[PDB]
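Let me begin by presenting the structure, written as structure tokens, before commenting on it.
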Amino acid sequence: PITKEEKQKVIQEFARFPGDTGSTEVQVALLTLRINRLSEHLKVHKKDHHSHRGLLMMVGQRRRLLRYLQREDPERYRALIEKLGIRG
Amino acid sequence: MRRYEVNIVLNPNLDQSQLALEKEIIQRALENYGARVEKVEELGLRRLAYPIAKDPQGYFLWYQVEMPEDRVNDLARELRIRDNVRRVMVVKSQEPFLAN
Amino acid sequence: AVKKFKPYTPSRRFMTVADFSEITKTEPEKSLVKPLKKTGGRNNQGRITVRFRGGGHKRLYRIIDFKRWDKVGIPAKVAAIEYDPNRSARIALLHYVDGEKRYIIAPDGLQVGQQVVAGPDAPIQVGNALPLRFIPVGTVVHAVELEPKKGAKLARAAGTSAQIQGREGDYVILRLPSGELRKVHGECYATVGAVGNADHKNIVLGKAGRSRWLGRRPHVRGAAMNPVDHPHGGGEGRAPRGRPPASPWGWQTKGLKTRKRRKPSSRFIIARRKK
Amino acid sequence: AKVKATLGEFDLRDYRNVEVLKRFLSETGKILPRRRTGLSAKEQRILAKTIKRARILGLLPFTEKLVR
Amino acid sequence: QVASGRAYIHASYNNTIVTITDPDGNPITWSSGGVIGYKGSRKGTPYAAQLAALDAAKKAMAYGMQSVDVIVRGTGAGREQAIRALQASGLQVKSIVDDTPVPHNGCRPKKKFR
RNA sequence: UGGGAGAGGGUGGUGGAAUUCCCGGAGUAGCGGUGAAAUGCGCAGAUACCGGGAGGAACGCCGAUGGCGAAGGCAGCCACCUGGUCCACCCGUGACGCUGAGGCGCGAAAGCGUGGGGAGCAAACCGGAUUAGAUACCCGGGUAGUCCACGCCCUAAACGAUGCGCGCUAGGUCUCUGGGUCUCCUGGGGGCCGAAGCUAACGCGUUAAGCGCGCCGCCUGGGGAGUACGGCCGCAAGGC
Ligand SMILES: [Mg+2]
Ligand SMILES: [Mg+2]
Ligand SMILES: [Mg+2]
Ligand SMILES: [Mg+2]
Ligand SMILES: [Mg+2]
Ligand SMILES: [Mg+2]
Ligand SMILES: [Mg+2]
Ligand SMILES: [Mg+2]
Ligand SMILES: [Mg+2]
Ligand SMILES: [Mg+2]
Ligand SMILES: [Mg+2]
Ligand SMILES: [Mg+2]
Ligand SMILES: [Mg+2]
Ligand SMILES: [Mg+2]
Ligand SMILES: [Mg+2]
Ligand SMILES: [Mg+2]
Ligand SMILES: [Mg+2]
Ligand SMILES: [Mg+2]
Ligand SMILES: [Mg+2]
Ligand SMILES: [Mg+2]
Ligand SMILES: [Mg+2]
Ligand SMILES: [Mg+2]
Ligand SMILES: [Mg+2]
Ligand SMILES: [Mg+2]
Ligand SMILES: [Mg+2]
Ligand SMILES: [Mg+2]
Ligand SMILES: [Mg+2]
Ligand SMILES: [Mg+2]
Ligand SMILES: [Mg+2]
Ligand SMILES: [Mg+2]
Ligand SMILES: [Mg+2]
Ligand SMILES: [Mg+2]
Ligand SMILES: [Mg+2]
Ligand SMILES: [Mg+2]
Ligand SMILES: [Mg+2]
Ligand SMILES: [Mg+2]
Ligand SMILES: [Mg+2]
Ligand SMILES: [Mg+2]
Ligand SMILES: [Mg+2]
Ligand SMILES: [Mg+2]
Ligand SMILES: [Mg+2]
Ligand SMILES: [Mg+2]
Ligand SMILES: [Mg+2]
Ligand SMILES: [Mg+2]
Ligand SMILES: [Mg+2]
Ligand SMILES: [Mg+2]
Ligand SMILES: [Mg+2]
Ligand SMILES: [Mg+2]
Ligand SMILES: [Mg+2]
Ligand SMILES: [Mg+2]
Ligand SMILES: [Mg+2]
Ligand SMILES: [Mg+2]
Ligand SMILES: [Mg+2]
Ligand SMILES: [Mg+2]
Ligand SMILES: [Mg+2]
Ligand SMILES: [Mg+2]
Ligand SMILES: [Mg+2]
Ligand SMILES: [Mg+2]
Ligand SMILES: [Mg+2]
Ligand SMILES: [Mg+2]
Ligand SMILES: [Mg+2]
Ligand SMILES: [Mg+2]
Ligand SMILES: [Mg+2]
Ligand SMILES: [Mg+2]
Ligand SMILES: [Mg+2]
Ligand SMILES: [Mg+2]
Ligand SMILES: [Mg+2]
Ligand SMILES: [Mg+2]
Ligand SMILES: [Mg+2]
Ligand SMILES: [Mg+2]
Ligand SMILES: [Mg+2]
Ligand SMILES: [Mg+2]
Ligand SMILES: [Mg+2]
Ligand SMILES: [Mg+2]
Ligand SMILES: [Mg+2]
Ligand SMILES: [Mg+2]
Ligand SMILES: [Mg+2]
Ligand SMILES: [Mg+2]
């Protein structure tokens, strides 16, 4: 799984200010982390459809946040997806 | 790293040098698969509820350990390869659940 | 995975070729090849004794080490895996630390860079050779000697394997690739694993020409011949067989068992093949 | 005559404790119903799981003939 | 000839067979509803099991049989009656253990059993 | 951020019961099967009993008016990988929300392709019965298939015959799983019985079929017909 440590580093790396958890950026980046692992997991467990749904739900969730953040502050979005290498 | 309790049942009609020897292959492997031993409990002979390998008794080891999660499976395999090892069961370690 | 083709000629529509994925070195070891003397199916009298052979691609024989007990305890590195035209299996190049090089037939899962060894003490892992008596019952095994020090004779074809079923005295009991149950002596060497290139059987030759490249010349039906030639020969128009179906030499060919009756190895065969 | 009562504090997750565990088996060897063990739902599930592990180890039987 | 042995009662809805073995497990004699003289469904009755257990035990006693362990398999009608008869036979009956085979959900049963 | 329960999903291992077949032993006149029989099996030694072995498939007790999942569905045990979900803290974001024509994915069983595997079961099929007849029901056999991998099919009484989300309108009792000041209270789930109210009635009733808003899908007499034609999908069967 993801370790508290790995989560923190990400929580910390993306936070807008020291105590920040749950801002848009932190939210998107955490998802990106769970996304890229499941994605990897499914690459090997191609018949794990049940987890694939979750993936979709997350992919969905990250999308809405990105749509929000893009509406609210273009620069922040452009930077975020660029920080995480996201669009396609 | 996570904690598991390796259980092992060995051939009961061994002499103590073979048994020491099997224990050796075992402890080398625990080491080789990056398992760090904590407790250890060797209740030796003990009567089985049913015959294993056509034999009413079994020689019992046990070892609370801390090892890489990815290596527990390969270890259980290597622990089984010996013709004198008759069971392995590596269980995730967990807190007691008390009644009364 | 076998490789398909788009149907851009009538023949490519069904032709499939092997993927050669495991192959890492495309030239044989110069000191391990010798010319194969092509026979055409002719014996030393010059007579065709096996019909319909001739005309295939030229081939160099790769010398294979079917003994292995030859170098007990000396380990080797798997240097490469190569194509061998003389067999269905691929072959693995071994660099012994000794510095001797040999070929073995390449087991499923052999990795180039890995190390193999032979002898009574060899780890029970893919690529190693041990006498059968030191191999755990249940293990699948290939290139098996049929009698001690006589060389690997069993389970050499692409994809094949034998499984150890039990032990009895000086002998172990194997399930052969045919499903025959047979006793083989404990001192006989076998190599752990199955033979690789297991997709071999899914190849579709695709055209007449490809059988031709394999040195397999066209085969003609007794039914298309005349009575001088064959039991099924002649008759006006097409004909059914008109007698029990027979070989060119007259023996019956649908069911007639042919194994010699009083043969000494009958004693060691436990159960004739399945299906 | 509920079993849970006729015992002091014990570990429900302890699969090597054959002396406790073997009391929850019918004389035929079967895992006993909740109505005879006096266990709750949550605990009875932990019981059955550790009895099953135990039978795997050789400590507990999978079945026993019925004597009369 | 042997003094103590075993008595197996195979009791199915169509029949009762009783075979008497030695201590090691090998049969000395056997009987059934068929041997005692019935055909058809009558073989399955309690009176069938009775003659079968008697005639089985009786033949055994003539080989010097005296004590038996009783093993029971099946849930047939003439089961419990078969046991009566072994007791009443002139044989000791040290024990009566039921070792009817039951799967831990194995092979799919025939249709009539679903 | 702390925790929780669970047959949720995928992979790899792995345990005992039973059935079948083979080998060894011991034993003999029947076994089996039905409403009753017969076919069948059996002196070329069956059944029943003991020991050995082989192989596939399903996991008894626990087990529940239980649990998990969006549904299809999911059950021996172990480890790894992984989804959903609930609770407590009231720490962070600042309406970032609901639904959703198209599209995309998943989708019991049967079925299909390529390759495995095949103990039990069993369409087709043979035979015995039953019967006026018996292409059935019952009995003896039996091949696909049922099992695994990979790719297809895309249906269903795929049902709660009940689309999703939100808010509002008495309670009683049983239960699963949390957190409490643990008598008792407070969440989330599963049943029952009911206030108001609904409703053609039957029944529904904080798990609404009540009172309301949002969005979607669907109906408009029976048959002909889920047929024809066309189009799109499919290897075909066939699907929309
Ligand atoms: Mg979510
Ligand atoms: Mg976007
Ligand atoms: Mg072993
Ligand atoms: Mg092609
Ligand atoms: Mg091409
Ligand atoms: Mg192509
Ligand atoms: Mg063309
Ligand atoms: Mg063509
Ligand atoms: Mg290759
Ligand atoms: Mg390949
Ligand atoms: Mg060349
Ligand atoms: Mg030269
Ligand atoms: Mg030279
Ligand atoms: Mg030559
Ligand atoms: Mg010459
Ligand atoms: Mg000459
Ligand atoms: Mg001449
Ligand atoms: Mg010829
Ligand atoms: Mg020729
Ligand atoms: Mg080759
Ligand atoms: Mg090839
Ligand atoms: Mg072909
Ligand atoms: Mg050639
Ligand atoms: Mg040919
Ligand atoms: Mg021809
Ligand atoms: Mg012709
Ligand atoms: Mg002609
Ligand atoms: Mg001539
Ligand atoms: Mg002639
Ligand atoms: Mg002729
Ligand atoms: Mg002719
Ligand atoms: Mg003719
Ligand atoms: Mg002709
Ligand atoms: Mg003519
Ligand atoms: Mg003609
Ligand atoms: Mg002609
Ligand atoms: Mg003719
Ligand atoms: Mg003909
Ligand atoms: Mg003729
Ligand atoms: Mg020979
Ligand atoms: Mg009968
Ligand atoms: Mg026999
Ligand atoms: Mg005779
Ligand atoms: Mg037996
Ligand atoms: Mg706050
Ligand atoms: Mg939606
Ligand atoms: Mg849609
Ligand atoms: Mg489907
Ligand atoms: Mg299916
Ligand atoms: Mg099917
Ligand atoms: Mg198929
Ligand atoms: Mg008929
Ligand atoms: Mg008739
Ligand atoms: Mg019929
Ligand atoms: Mg039938
Ligand atoms: Mg049948
Ligand atoms: Mg069969
Ligand atoms: Mg077919
Ligand atoms: Mg068909
Ligand atoms: Mg329903
Ligand atoms: Mg529902
Ligand atoms: Mg409908
Ligand atoms: Mg909708
Ligand atoms: Mg509506
Ligand atoms: Mg509560
Ligand atoms: Mg509490
Ligand atoms: Mg639910
Ligand atoms: Mg409730
Ligand atoms: Mg329920
Ligand atoms: Mg009600
Ligand atoms: Mg009212
Ligand atoms: Mg209520
Ligand atoms: Mg209404
Ligand atoms: Mg109409
Ligand atoms: Mg249609
Ligand atoms: Mg239809
Ligand atoms: Mg049409
Ligand atoms: Mg429809």
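A quick note on method: Cβ atoms are made from the backbone with ideal geometry, for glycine too, and the neighbour counts reach across all protein chains shown. Each reported figure results from applying straightforward, stated rules to the coordinates on display, with no laboratory input.
Highest mobility in the GNM of chain A, judged by mean-square fluctuation with C-alpha springs under 10 Å and restricted to A:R16, A:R37, A:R53, is found for A:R53.
Less than 5 angstrom separates the built amide H of C:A162 from those of C:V141, C:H142, all sequence-distant by 5 or more or on a different chain. Amide H contacts for E:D69 (H built 1.01 Å from N in the peptide plane; partners 5 or more residues away or on another chain; cut-off under 5 Å): E:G5, E:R6, E:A7.
Couplings 3J(HN,Hα) for the range A:9-19, derived from phi with the Karplus relation 6.51 cos²θ - 1.76 cosθ + 1.60 (θ = phi - 60°), are 3, 6, 3, 5, 3, 9, 3, 6, 7, x, x Hz, where x marks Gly and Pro. Oblate is the label for the range C:1-76, because the ratio a/c of its alpha-carbon gyration tensor axes (a ≥ b ≥ c) is 1.5 or higher and a/b is not greater than b/c. Karplus-based coupling profile of the range B:44-54, in residue order and whole Hz: x, 4, 5, 7, 7, 6, 8, x, 10, 6, 6, with θ = phi - 60° in 6.51 cos²θ - 1.76 cosθ + 1.60 and x standing for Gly or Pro. With contributions of -39500 (n - 2.57) from each DSSP H run of at least four residues, the per-residue ellipticity at 222 nm computed over chain E stands at -7000 deg cm²/dmol.
Between the amide H of C:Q115 and those of C:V78, distances stay under 5 Å, these residues lying 5 or more places away or on another chain, with hydrogens modeled in the peptide plane.
Each Cα pair under 8 Å and six or more residues apart adds its separation to the average, and for the range E:3-98 the resulting relative contact order is 33 percent. For the range A:54-65, putting each phi into the Karplus relation 6.51 cos²θ - 1.76 cosθ + 1.60 with θ = phi - 60° gives couplings of x, 3, 5, 4, 4, 4, x, 4, 3, 5, 5, 4 Hz, in residue order, rounded to whole numbers and with x for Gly and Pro. Look at the alpha carbon pairs under 8 Å that are at least 6 residues apart: their mean separation over the length of chain A gives a relative contact order of 22 percent. I'd like the distance between the alpha-carbon centres of the range B:19-46 and the range E:61-114, rounded to an integer number of Å. Computed from Cα coordinates, the inter-centre distance equals 47 Å.
Please figure out what share of the DSSP beta bridges in the range C:42-198 is antiparallel and state it in percent, rounded to the nearest 5.
The answer is about 95 percent antiparallel.
Checking the Cα-Cα distances for B:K92/D:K52; D:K30/E:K94; C:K38/C:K149 against a 18 Å cut-off, the pairs over it are D:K30/E:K94; C:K38/C:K149.
Of the beta bridges in the protein assembly as shown, as assigned by DSSP with both residues counted there, near 85 percent are antiparallel. With a simple spin-label model that places each label point 7 Å from the Cα along the Cα-to-Cβ direction, the separation between C:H57 and C:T39 comes to 2.2 nm.
As a rough footprinting exposure proxy, the listed residues B:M89, B:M1, E:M65 were ranked by other beta carbons within 10 Å of their own, and the order from fewest upward is B:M1, B:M89, E:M65.
Relative to its Kirkwood radius, the Cα radius of gyration of the protein assembly as shown gives an Rg/Rh of 1.07.
Of the residues D:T63, C:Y171, C:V144, the one whose Cα sits farthest toward the positive end of the charge dipole of the protein assembly as shown, with +1 on the Cβ of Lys and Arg and -1 on the Cβ of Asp and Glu, is C:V144.
How would you classify chain A from its alpha-carbon gyration tensor, with a ≥ b ≥ c the square roots of the eigenvalues: rounded for a/c under 1.5, else prolate if a/b is greater than b/c, otherwise oblate? Because a/c hits 1.5 or more and a/b fails to exceed b/c, chain A counts as oblate. Run lengths n ≥ 4 of DSSP H only: what is the helix-derived mean residue ellipticity at 222 nm for chain B, with -39500 (n - 2.57) per run over all residues, to the nearest 500? Using -39500 (n - 2.57) per qualifying helix, the result is -8000 deg cm²/dmol.
Only helices enter this figure: runs of n ≥ 4 DSSP H residues, each worth -39500 (n - 2.57), summed and divided by the residues of chain C, yield -500 deg cm²/dmol at 222 nm to the nearest 500. Remark: spin-label model distance E:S41-C:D170 equals 6.4 nm, labels positioned 7 Å along the Cα→Cβ axis.
Relative contact order of the range D:1-64, taken over Cα pairs closer than 8 Å and 6 or more residues apart, is 42 percent. Ranked by how many other Cβ atoms sit within 10 Å of their own Cβ, fewest first, the residues C:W249, E:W30 fall in the order C:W249, E:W30. Taking every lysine pair in chain A that is 8 or more places apart or spans two chains, those with Cα atoms closer than 27 Å amount to 8. FRET efficiency for the C:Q111 to C:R261 pair, using the beta carbon distance and R₀ = 56 Å, is estimated at 0.75. For the range C:200-275, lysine pairs with C-alpha atoms less than 18 angstrom apart, excluding pairs fewer than eight positions apart on the same chain, total 4.
Modelled spin labels at C:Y96 and A:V44, positioned 7 Å past Cα toward Cβ, are 3.8 nm from each other.
Students often forget the sequence filter, so: which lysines lie under 18 Å Cα-Cα from B:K23 once same-chain residues fewer than 8 apart are removed? Excluding near neighbours in sequence, the set is B:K39. When the Cα gyration tensor is reduced to axis lengths a ≥ b ≥ c, the ratio a/c is 1.5 or higher for chain C, and with a/b not above b/c it is classed as oblate.
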